[PDB]
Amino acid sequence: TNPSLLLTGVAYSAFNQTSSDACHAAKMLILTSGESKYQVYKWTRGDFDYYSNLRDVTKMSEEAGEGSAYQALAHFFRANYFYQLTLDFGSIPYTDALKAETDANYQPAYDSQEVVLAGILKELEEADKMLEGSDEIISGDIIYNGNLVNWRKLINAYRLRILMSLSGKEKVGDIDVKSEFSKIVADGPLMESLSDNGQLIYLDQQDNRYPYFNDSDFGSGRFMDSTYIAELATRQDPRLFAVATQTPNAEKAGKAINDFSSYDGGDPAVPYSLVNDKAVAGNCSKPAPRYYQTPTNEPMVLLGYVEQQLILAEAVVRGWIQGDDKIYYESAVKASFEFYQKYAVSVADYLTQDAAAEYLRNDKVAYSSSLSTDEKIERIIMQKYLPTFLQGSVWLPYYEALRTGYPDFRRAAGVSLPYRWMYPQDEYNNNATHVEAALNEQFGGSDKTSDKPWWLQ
């Protein structure tokens, strides 16, 4: 082996992450054949599966030369997995992780969420610095074909993602959140267009195909959530056509593809049996068939230009940086249309830049200085949320709803949105002392999905 071969594997695994479960929690999909615990906020324990991925990252770093670009990339991959892990749980193994075998008698101590977040922000800072000005020629880079500047852009965008998630904090470790954010924007580099997306391209070849291709979970029981359809339809958003089918009955009636009334979903917060009746009757939309019938569908975007620009828009509104928030917002929306136009081939004519410009003039979408601050934030977060259908943002749109309040996810009376996940049973079984110490440091001994983690306090 060699680091190039290992990079290919590490990069594929990281950039191929996606979560249909998250899309139930984020009110895009429903299950009508049974109760989805994600749809109705009944999850309990999470899992530590990303530690296996982290062990592969470690192997790639150990095989590479000290100070090499591969080592910089390892910091990026570590940051991405640790960020996702800490958002799930709070305190997690970090500094003490990955030093013994997974099945060793020794199991790792947990670091506080603040320590993890500050740590990975510093790892990303180090990665950006390591790559700066580098003439190193790497191989196996299936994301950016060896362009180290593109990696720096992605690293910096990721730092902004993390920092914006910490909008409720002045400091994280010794890092001043707003001043660090501003410094990164000033220094750059940042993604400049959709071409700079941190995304994985799929190919019609063994082990290289889109992850939902021929996924059996797309048959019976899977439909669009009525609230997501409504968010799109009320904005006259033609990305609706790209993500969803018409209802079977609307198709039968010969309603136009761009007739917003020909799309409908099921109510996620009523008993599923009632919504199954609506779906059986032919009155619910399903995910577009390209999501499971095409071997390359669309690239999986770990972190893209659309999100980056909307992070920047929010930072302007919050006063963290100067800039034109309207054009950050509009550049993001326009780029999202450009993305869907490429991959939603059957509805591409509705997704031109002329269509984007019209969409941006719609009620509920149009952005201007006269809007209230809360309205601006809602606009921005909504545009971050809408294009994350079956995408590489994984649970992040759910956590952004916890941070910002947007969207306000439909749920039955008395149902709370979980803040986090409980620790895996395996941790209680084999790492009990360290788990107990983590619960005592965080929540006075409690481990509940309703325990509010540090980043939201």
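Numbers follow the displayed sequence, beginning with 1.
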Higher avg CA temperature factor (97-105 vs 137-145, as deposited) belongs to 97-105
Regarding 35-43 and 61-69, which shows the higher C-alpha temperature factor on average in the entry? 61-69
Which one of 165, 308, 346, 86 shows the top CA temperature factor in the record? 346
In terms of recorded Cα temperature factor, pick the maximum from 381, 274, 356, 121. 274
For residue 278, the third of its chain by CA B-factor is the highest
Residue 391 - Cα temperature factor, lowest/middle/highest third of chain: lowest
Within-chain third of residue 247 by Cα B-factor, per the entry: middle
Position of residue 114 among the chain's modelled residues by C-alpha B-factor, lowest, middle or highest third: lowest
Grab the CA temperature factor for residue 427 from the record and place it in the lowest, middle or highest third of its chain. middle
